[PDB]
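Starting off, we have a lone chain in the form deposited in one PDB entry, written out as structure tokens.
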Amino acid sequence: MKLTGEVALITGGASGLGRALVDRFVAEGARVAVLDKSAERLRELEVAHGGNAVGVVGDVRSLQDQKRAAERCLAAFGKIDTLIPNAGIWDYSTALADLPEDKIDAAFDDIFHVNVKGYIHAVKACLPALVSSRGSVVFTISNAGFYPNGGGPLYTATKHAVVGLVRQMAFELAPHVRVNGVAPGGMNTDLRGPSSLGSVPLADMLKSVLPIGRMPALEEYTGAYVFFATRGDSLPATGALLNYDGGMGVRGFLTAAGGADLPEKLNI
């Protein structure tokens, strides 16, 4: 119960990592406003957390819907301590050469409007509340904000753009609001794409991609966020970027891990 008394707003919190975050935050004693597109999934969530969650239907690309979510959060819980802009869409790892010429303009808008603009609108809408509470923003990034081959040019560009948001917003909102990034990766989750458009099997994932040698469940990706939301724990942190992807950036050339056989080599 690290978050007793705290209030969070989470975008894209009806399913996936968003939902795992909502469930984790509630279990920690926090109260959670959720912005997402599915009314039915939001109401199911509300009743699962009776009193600790409020669900607001809306589009993350719309500043007005972002504002509605912030107002609704304010009305139910009285404050906003932590904002987690989290809602994102994928590009299917569609390479530049495979992006249809008649499709690139639409695809760009679809992915950038959700992934980057929706993050910008979330901060904008929650800004007065966050300054008031001296709160924090924790952006969901991705491995694709750091290394290639986690998406195509569009997705990879969006997640690199949110690293820019972490940096610029950590500067701009200082000294009142802290701004940090968690960059999750290698999760067991189905990533959706845009209407305009439309990748590694388990064997290659754990031998070549993930040094930790396993694909963690969604709940295991929630602790980094809880850390940034815990005022007693994360106060010195602003503009921080936590890579949270099983070790993708420290993977080896021939194998992901170098010490599979340490238990036998050290004869522990």
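From 1 onward, residues are counted along the sequence shown. Between two forms, the rigid core is the largest collection of C-alphas that superpose within 1.5 Å.
There is also a form solved in complex with a small molecule; it is not shown, and the following applies to it.
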*Is there a heavy atom of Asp233 no more than 4.5 Å from a heavy atom of the small molecule in the bound PDB entry?*
no
*State yes or no: in the bound PDB entry, is some non-hydrogen atom of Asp59 no more than 4.5 angstroms from a non-hydrogen atom of the small molecule?*
yes
*Might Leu130 be said to contact the small molecule in the bound PDB entry, defining contact as any heavy atom within 4.5 Å?*
no
*asked:* in the bound PDB entry, is there a heavy atom of the small molecule that lies within 4.5 Å of any heavy atom of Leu173, even though the partner is absent here?
replied: no
*Look at the stretches 163-171, 79-87, 95-103, 130-138 and give the one with heavy atoms within 4.5 Å of the small molecule in the bound PDB entry.*
79-87
*After the core is superposed, which of these residues, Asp59, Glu220, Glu28, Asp204, moves its CA 2 Å or more between the shown form and the other one?*
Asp204
*Given that the distance between the C-alpha atoms of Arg251 and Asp204 changes by 3 Å or more in the bound PDB entry, do they end up closer or farther than here?*
farther
*Indicate closer or farther: the Cα atoms of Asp204 and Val250, in the bound PDB entry, relative to the displayed form, with a change of 3 Å or more.*
farther
